[PDB]
């Protein structure tokens, strides 16, 4: 497996290496034929090359089968022209690979229910994966405009945009508990009915996955009341943006969340947390999200579901055994990784 590693800024290098320590361990034990190369990206790239997504890195991403991304950005590059900012480089990466689906999982690991803002009885067993359409919807729809008297924006979707995001939700579900819930606003909106109609049609080719439809307002209530009853949720851009953020707060810690973006090109896997420059080089940075991103990579980029689950079980145990600082513990980056590896046998 050819992996392009883009450590990035702040704690990026540290947490990314921790994930590689896990990947190399699996490679030794299973002979995955792991081949990777680290390329400059983000702030580190601006300071070295003048741009956040330099040519060699662009080629590297094209050459790879997956991208393991660290953290990007920082105060140091916040005051630069948009065209060359770290954040912009992320946009360029996604666009170059035509990634149209954003996978955003929220899971409450056993024993960590205490960290959830929900009562332990309801937080228990949560393992939902939100699939959000990234390229269309009201965020890009036209017409759009503003005047002194009014403002307008258009929520527009064509059949192919809905079909493609829907297909990844079904493929993702096949690797999980085979249940998808498509979220729309069909009882009021034309696009809502169009969306539902298309997803029901696309579903016909996936007889092994159960399809369910839900209204966005109702889904918001279910995520707080009975979040444990879902598996895969697929929805539009703005709805997915809201629902994934809502689902984010369920585990009670942003540091634990991994994320992925799938599409036509090389898939990208990255931790949801920022670079946290203030603690760069001290150890201490929680590598959970980076390691879990590595697991997402095995599952979605290579289909190694059995292995991804093994890595996931290992970190679950590591969180209880040697909790990192952000979880009221003292286990630094290396200590935590050692425990993960300890359970990967």
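Numbering follows the first chain given and starts at 1.
With 274-282 and 288-296 compared on mean CA B-factor from the PDB entry, the stretch scoring higher is 274-282. Mean CA B-factor, 235-243 versus 82-90: the higher value falls on 82-90. Going by the entry's values, 146 shows the largest Cα B-factor out of 218, 103, 146, 183. In the PDB entry, a CA B factor belonging to the middle third of its chain's modelled residues is recorded for residue 175. For residue 308, the recorded CA temperature factor ranks within the middle third of the chain's modelled residues. Annotation for residue 5: C-alpha temperature factor in the lowest third relative to the rest of the modelled chain, per the entry. Among the modelled residues of its chain, residue 96 has a C-alpha B-factor that falls in the middle third, as given in the PDB entry. In this PDB entry, residue 150 carries a Cα temperature factor that places it within the highest third of its chain's modelled residues.
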